[PDB]
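Novice: Have a look at this one before I ask anything.
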Amino acid sequence: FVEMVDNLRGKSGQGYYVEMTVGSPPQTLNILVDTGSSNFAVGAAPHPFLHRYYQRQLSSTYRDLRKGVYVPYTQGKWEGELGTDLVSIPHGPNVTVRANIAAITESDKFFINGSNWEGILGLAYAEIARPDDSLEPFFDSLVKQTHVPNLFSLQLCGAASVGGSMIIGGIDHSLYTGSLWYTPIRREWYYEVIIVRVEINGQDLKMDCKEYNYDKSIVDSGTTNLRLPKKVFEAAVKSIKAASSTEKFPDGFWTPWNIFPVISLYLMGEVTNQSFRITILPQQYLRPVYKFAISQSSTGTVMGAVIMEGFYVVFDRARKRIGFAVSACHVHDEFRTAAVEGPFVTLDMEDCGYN
Ligand SMILES: CCc1ccc2c(c1)[C@@H](NC[C@@H](O)[C@@H]1Cc3cccc(c3)CCCCn3cc(ccc3=O)C(=O)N1)CC1(CCC1)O2
């Protein structure tokens, strides 16, 4: 999959994007890779922040669906006009597919002033597509229309320019060390997973595990931070504060690598009563602006770039599971390294999920 290695770019905190083409003749656009949503949407009008935009008038293969659409994310939102067109990924598989495309015609706090992307590729499932689950997401269209296998993987590498790889249809073994460990996708909407235990410096947070997944835990390449439910964030911060008593930092805030604690999330494994743990280092959760990149949520745990930059993450849709392995590009020192380890014995893991 050599041609797909290093096909991701971005600036820190502004997301990771891949080059795509849309229309005939092909119009090149940079498109955010977002496992936390399910719509393919591109700027279609001359917003002043945009380097370029989709011009439907130039495409002979454009088809109008004569239907509006609107997607609000955590912070921004857009509305637009649904249609279909031919799409490919220059540094992806050698194929062209007819996909649904939302042409964005109005937006608020969505495009970023100074960013180098013009659209978003929602890689999650139909259940959360707008306006409804009948709007087939891109990856579903790709798998339907080609022989591309039903999985993709992400190696997000970080550094204020960032880089990475999206391997569509497979796994590049040179991008990770050790073994992949798989956690089940609990339900196909977001990439929802179940966290069964949390350790700060190998010390259990000792919370009811249901709190870790209240109301969701998801894997989201579109989110920068590791986001934790407040009751879990509260307990997480408390322990991180204690762990790091050598120095004091102000309340609002919430290089000496060895002073900061590693954080371990234990994830439901593939077998009854079996889990595994992923562990990140301070170099993952201390990101240059350093800013502390763990935050509160009312919408559950979001394993964003802070988690994903430690690991090669395989979205094995075919088998309804997500794989984690230590990333071959992750930043580490002579002392410590990000880790994926197992098996562990964990009882009542099905009770950790919220209903
Ligand atoms: C289906 C639409 C939708 C609606 C709500 C929503 C989500 C998705 C979940 N995923 C959010 C993710 O899709 C978006 C994508 C995005 C949108 C605009 C810009 C960018 C990314 C790039 C910049 C990344 C910075 N950043 C983006 C988001 C959140 C935090 C954050 O730091 C964001 O909304 N990401 C994340 C959650 C579900 C749990 C919280 O909320």
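Identifiers in the structure tokens: chain A, B, ... in order shown; residue index from 1 per chain; ligand index from 1 in order shown.
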Could you pull out the residues sitting within 8 Å of ligand 1, using only C-alpha atoms and all ligand atoms, and write them as a VMD selection string?
Specialist: chain A and resid 13 to 16 32 34 to 39 71 to 77 110 to 112 120 122 128 to 130 190 216 to 218 220 to 225 297 299 to 302
Novice: Would you write out those residues with N, CA and C atoms, as a short mmCIF file (atom, residue, chain, number, x, y, z; two decimals), in the first residue's frame?
Specialist:
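Full text of again.cif as output:
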```
data_model
loop_
_atom_site.label_atom_id
_atom_site.label_comp_id
_atom_site.auth_asym_id
_atom_site.auth_seq_id
_atom_site.Cartn_x
_atom_site.Cartn_y
_atom_site.Cartn_z
N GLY A 13 -4.20 20.91 15.41
CA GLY A 13 -5.48 21.38 15.90
C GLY A 13 -6.51 21.72 14.84
N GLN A 14 -6.15 21.66 13.56
CA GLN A 14 -7.05 22.02 12.46
C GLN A 14 -7.51 20.81 11.64
N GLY A 15 -7.17 19.60 12.10
CA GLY A 15 -7.61 18.36 11.48
C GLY A 15 -6.64 17.79 10.46
N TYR A 16 -6.88 16.53 10.09
CA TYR A 16 -6.08 15.85 9.09
C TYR A 16 -6.89 15.78 7.81
N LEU A 32 -11.15 16.81 4.99
CA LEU A 32 -10.88 16.29 6.33
C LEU A 32 -11.29 14.82 6.47
N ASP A 34 -12.63 12.23 8.84
CA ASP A 34 -13.40 12.31 10.07
C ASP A 34 -14.18 11.04 10.36
N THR A 35 -13.65 10.24 11.27
CA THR A 35 -14.34 9.04 11.71
C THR A 35 -15.49 9.33 12.68
N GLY A 36 -15.70 10.60 13.02
CA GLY A 36 -16.76 10.98 13.94
C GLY A 36 -18.02 11.52 13.29
N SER A 37 -18.13 11.41 11.97
CA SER A 37 -19.34 11.82 11.25
C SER A 37 -19.51 10.97 10.00
N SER A 38 -20.60 11.18 9.27
CA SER A 38 -20.93 10.29 8.15
C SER A 38 -21.35 10.95 6.84
N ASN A 39 -21.12 12.25 6.71
CA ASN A 39 -21.49 12.94 5.49
C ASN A 39 -20.24 13.37 4.73
N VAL A 71 -25.78 19.68 8.59
CA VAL A 71 -25.06 18.93 9.61
C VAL A 71 -24.40 19.86 10.63
N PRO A 72 -24.82 19.75 11.91
CA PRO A 72 -24.14 20.45 12.98
C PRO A 72 -23.19 19.50 13.73
N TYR A 73 -21.96 19.94 13.92
CA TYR A 73 -20.97 19.16 14.66
C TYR A 73 -20.89 19.69 16.09
N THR A 74 -19.79 19.46 16.79
CA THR A 74 -19.65 19.95 18.17
C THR A 74 -19.71 21.48 18.23
N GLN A 75 -19.08 22.13 17.26
CA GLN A 75 -18.84 23.57 17.31
C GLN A 75 -19.44 24.35 16.11
N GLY A 76 -19.20 23.83 14.91
CA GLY A 76 -19.67 24.47 13.69
C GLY A 76 -20.78 23.69 13.02
N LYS A 77 -21.27 24.24 11.92
CA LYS A 77 -22.36 23.65 11.17
C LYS A 77 -22.33 24.18 9.75
N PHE A 110 -17.51 26.62 10.78
CA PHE A 110 -17.13 25.32 10.24
C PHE A 110 -15.77 25.40 9.56
N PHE A 111 -15.66 26.21 8.49
CA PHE A 111 -14.37 26.39 7.84
C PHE A 111 -13.47 27.17 8.79
N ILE A 112 -12.18 26.89 8.74
CA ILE A 112 -11.20 27.50 9.62
C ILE A 112 -10.35 28.51 8.84
N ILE A 120 -15.23 17.80 4.09
CA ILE A 120 -15.16 16.79 5.16
C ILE A 120 -15.64 15.44 4.62
N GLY A 122 -16.95 12.12 6.09
CA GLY A 122 -17.47 11.38 7.22
C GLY A 122 -17.33 9.89 6.95
N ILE A 128 -25.97 7.84 11.53
CA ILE A 128 -25.79 9.25 11.88
C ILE A 128 -25.61 10.18 10.67
N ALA A 129 -25.86 9.69 9.46
CA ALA A 129 -25.83 10.56 8.28
C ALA A 129 -27.04 11.47 8.31
N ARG A 130 -26.87 12.69 7.81
CA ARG A 130 -27.98 13.61 7.62
C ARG A 130 -28.32 13.69 6.13
N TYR A 190 -21.64 6.02 15.29
CA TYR A 190 -20.24 6.36 15.49
C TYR A 190 -19.45 5.06 15.60
N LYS A 216 -21.52 7.70 25.67
CA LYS A 216 -20.83 7.02 24.55
C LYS A 216 -19.37 7.01 24.88
N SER A 217 -18.63 6.10 24.27
CA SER A 217 -17.21 6.29 24.00
C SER A 217 -16.98 6.03 22.52
N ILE A 218 -16.28 6.93 21.83
CA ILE A 218 -16.09 6.81 20.39
C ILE A 218 -14.66 7.10 19.97
N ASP A 220 -12.66 9.07 17.20
CA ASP A 220 -12.99 10.23 16.37
C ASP A 220 -11.74 11.01 15.90
N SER A 221 -11.29 10.72 14.68
CA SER A 221 -10.19 11.43 14.04
C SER A 221 -10.49 12.92 13.81
N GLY A 222 -11.75 13.32 13.89
CA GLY A 222 -12.14 14.71 13.75
C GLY A 222 -12.03 15.56 15.01
N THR A 223 -11.67 14.94 16.14
CA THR A 223 -11.54 15.64 17.42
C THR A 223 -10.08 15.65 17.85
N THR A 224 -9.63 16.77 18.37
CA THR A 224 -8.23 16.94 18.73
C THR A 224 -7.93 16.22 20.05
N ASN A 225 -8.72 16.51 21.07
CA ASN A 225 -8.39 16.10 22.43
C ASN A 225 -8.83 14.68 22.77
N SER A 297 -16.63 16.47 28.75
CA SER A 297 -17.68 16.27 27.78
C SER A 297 -19.02 16.06 28.47
N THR A 299 -21.08 14.65 26.21
CA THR A 299 -21.46 13.74 25.13
C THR A 299 -20.63 12.45 25.13
N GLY A 300 -19.92 12.20 26.23
CA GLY A 300 -19.19 10.95 26.42
C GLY A 300 -17.70 11.05 26.17
N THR A 301 -17.03 9.90 26.19
CA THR A 301 -15.60 9.85 25.94
C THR A 301 -15.34 9.96 24.44
N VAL A 302 -14.45 10.85 24.05
CA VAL A 302 -14.05 10.94 22.65
C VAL A 302 -12.56 10.71 22.59
#
```
Novice: What lies within 7 Å of region 345-352 of chain A using only C-alpha atoms, ignoring chain neighbours under 5 positions off, as a PDB file with C-alpha atoms, in the first residue's frame?
Specialist:
```pdb
ATOM      1  CA  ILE A 194     -16.423   0.283  25.524  1.00  0.00           C
ATOM      2  CA  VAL A 196     -13.706  -1.081  30.969  1.00  0.00           C
ATOM      3  CA  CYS A 209     -16.898   1.570  34.563  1.00  0.00           C
ATOM      4  CA  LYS A 210     -20.320   2.728  33.270  1.00  0.00           C
ATOM      5  CA  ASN A 213     -18.876   5.289  28.676  1.00  0.00           C
ATOM      6  CA  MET A 268     -13.308  -4.596  25.885  1.00  0.00           C
ATOM      7  CA  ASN A 273     -13.978 -11.585  30.256  1.00  0.00           C
ATOM      8  CA  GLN A 274     -10.891 -10.518  28.191  1.00  0.00           C
ATOM      9  CA  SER A 275      -9.593  -6.965  27.752  1.00  0.00           C
TER      10      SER A 275
END
```
Novice: Where does region 282-312 of chain A meet region 226-232 of chain A within 10 Å, residue by residue, with the nearest atom pair and distance in Å to one decimal for each, counting only C-alpha atoms, listed by chain and rising number, as JSON lines?
Specialist:
```
{"residue": "A:284", "atom": "CA", "partner": "A:226", "partner_atom": "CA", "distance": 9.9}
{"residue": "A:285", "atom": "CA", "partner": "A:226", "partner_atom": "CA", "distance": 7.9}
{"residue": "A:292", "atom": "CA", "partner": "A:226", "partner_atom": "CA", "distance": 9.9}
{"residue": "A:293", "atom": "CA", "partner": "A:226", "partner_atom": "CA", "distance": 6.5}
{"residue": "A:294", "atom": "CA", "partner": "A:226", "partner_atom": "CA", "distance": 4.8}
{"residue": "A:295", "atom": "CA", "partner": "A:227", "partner_atom": "CA", "distance": 4.9}
{"residue": "A:296", "atom": "CA", "partner": "A:230", "partner_atom": "CA", "distance": 5.0}
{"residue": "A:297", "atom": "CA", "partner": "A:229", "partner_atom": "CA", "distance": 4.7}
{"residue": "A:298", "atom": "CA", "partner": "A:229", "partner_atom": "CA", "distance": 6.0}
{"residue": "A:299", "atom": "CA", "partner": "A:229", "partner_atom": "CA", "distance": 7.1}
{"residue": "A:300", "atom": "CA", "partner": "A:229", "partner_atom": "CA", "distance": 5.1}
{"residue": "A:301", "atom": "CA", "partner": "A:228", "partner_atom": "CA", "distance": 4.5}
{"residue": "A:302", "atom": "CA", "partner": "A:227", "partner_atom": "CA", "distance": 4.8}
{"residue": "A:303", "atom": "CA", "partner": "A:226", "partner_atom": "CA", "distance": 5.1}
{"residue": "A:304", "atom": "CA", "partner": "A:226", "partner_atom": "CA", "distance": 5.3}
{"residue": "A:305", "atom": "CA", "partner": "A:226", "partner_atom": "CA", "distance": 7.2}
{"residue": "A:306", "atom": "CA", "partner": "A:226", "partner_atom": "CA", "distance": 5.5}
{"residue": "A:307", "atom": "CA", "partner": "A:226", "partner_atom": "CA", "distance": 6.3}
{"residue": "A:308", "atom": "CA", "partner": "A:226", "partner_atom": "CA", "distance": 9.2}
```
Novice: With C-alpha atoms retained, write the just-selected residues as a tab-separated table (two decimals), in the first residue's frame.
Specialist:
```
chain	number	residue	atom	x	y	z
A	284	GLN	CA	0.71	12.52	23.17
A	285	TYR	CA	-1.33	14.58	25.69
A	292	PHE	CA	-3.07	20.11	28.14
A	293	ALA	CA	-5.33	18.28	25.71
A	294	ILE	CA	-7.74	16.35	27.96
A	295	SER	CA	-11.16	18.04	28.41
A	296	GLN	CA	-14.72	17.57	29.70
A	297	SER	CA	-17.68	16.27	27.78
A	298	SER	CA	-21.43	16.09	28.15
A	299	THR	CA	-21.46	13.74	25.13
A	300	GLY	CA	-19.19	10.95	26.42
A	301	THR	CA	-15.60	9.85	25.94
A	302	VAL	CA	-14.05	10.94	22.65
A	303	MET	CA	-10.83	9.25	21.76
A	304	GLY	CA	-9.53	11.98	19.47
A	305	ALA	CA	-6.07	12.68	18.04
A	306	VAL	CA	-4.51	12.58	21.56
A	307	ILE	CA	-5.31	8.86	21.69
A	308	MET	CA	-4.95	8.12	17.97
```
Novice: Please, which residues in region 6-121 of chain A fall within 12 Å of region 137-159 of chain A when counting only C-alpha atoms, and what is the closest atom pair and distance in Å to one decimal for each, ordered by chain then residue number, as CSV?
Specialist:
```
residue,atom,partner,partner_atom,distance
A:6,CA,A:155,CA,8.9
A:7,CA,A:155,CA,10.2
A:8,CA,A:156,CA,8.1
A:9,CA,A:158,CA,9.2
A:10,CA,A:158,CA,8.8
A:11,CA,A:159,CA,8.4
A:12,CA,A:158,CA,7.2
A:13,CA,A:158,CA,9.6
A:14,CA,A:158,CA,11.3
A:15,CA,A:158,CA,10.1
A:16,CA,A:156,CA,8.0
A:17,CA,A:156,CA,10.7
A:18,CA,A:154,CA,11.6
A:33,CA,A:154,CA,9.5
A:34,CA,A:154,CA,10.7
A:35,CA,A:154,CA,9.9
A:37,CA,A:137,CA,9.5
A:38,CA,A:137,CA,5.8
A:39,CA,A:137,CA,6.0
A:40,CA,A:138,CA,6.5
A:41,CA,A:138,CA,10.2
A:84,CA,A:138,CA,10.6
A:85,CA,A:138,CA,11.1
A:86,CA,A:142,CA,10.9
A:87,CA,A:138,CA,9.2
A:88,CA,A:142,CA,9.5
A:89,CA,A:142,CA,10.8
A:92,CA,A:148,CA,10.4
A:93,CA,A:148,CA,7.6
A:94,CA,A:148,CA,9.6
A:95,CA,A:146,CA,7.4
A:96,CA,A:142,CA,8.3
A:97,CA,A:142,CA,6.0
A:98,CA,A:141,CA,7.2
A:99,CA,A:138,CA,5.8
A:100,CA,A:138,CA,6.8
A:101,CA,A:138,CA,8.5
A:102,CA,A:137,CA,10.9
A:120,CA,A:138,CA,10.8
A:121,CA,A:138,CA,7.5
```
Novice: I'd like the neighbourhood of region 45-51 of chain A as a list in words, where a residue qualifies if any of its atoms comes within 8 Å (using only C-alpha atoms), though same-chain residues fewer than 4 positions away should be ignored.
Specialist: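 My reading of the contact set: residues 55, 104, 105, 111, 112, 113, 114, 115, 116, 117 and 118 of chain A.
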Novice: Considering only C-alpha atoms, can you say which of A:340, A:242, A:237, A:124 comes closest to residue 179 (chain A)?
Specialist: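 Using only C-alpha atoms, residue 179 (chain A) sits closest to A:340.
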Novice: What is the distance, in Å and to one decimal place, between CA of residue 266 (chain A) and CA of residue 280 (chain A)?
Specialist: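 Between CA of residue 266 (chain A) and CA of residue 280 (chain A) the gap is 11.7 Å.
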Novice: Can you measure CA of residue 60 (chain A) to CA of residue 167 (chain A) for me? One decimal in Å is fine.
Specialist: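 Distance between the two atoms: 29.6 Å.
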Novice: Tell me, as a PyMOL selection string, which residues lie within 12 Å of residue 183 (chain A), counting only C-alpha atoms; anything in the same chain fewer than 4 positions away does not count.
Specialist: chain A and resi 187+191-196+218-219+265-272+274-278+313-317+319-325+340+342-343+349
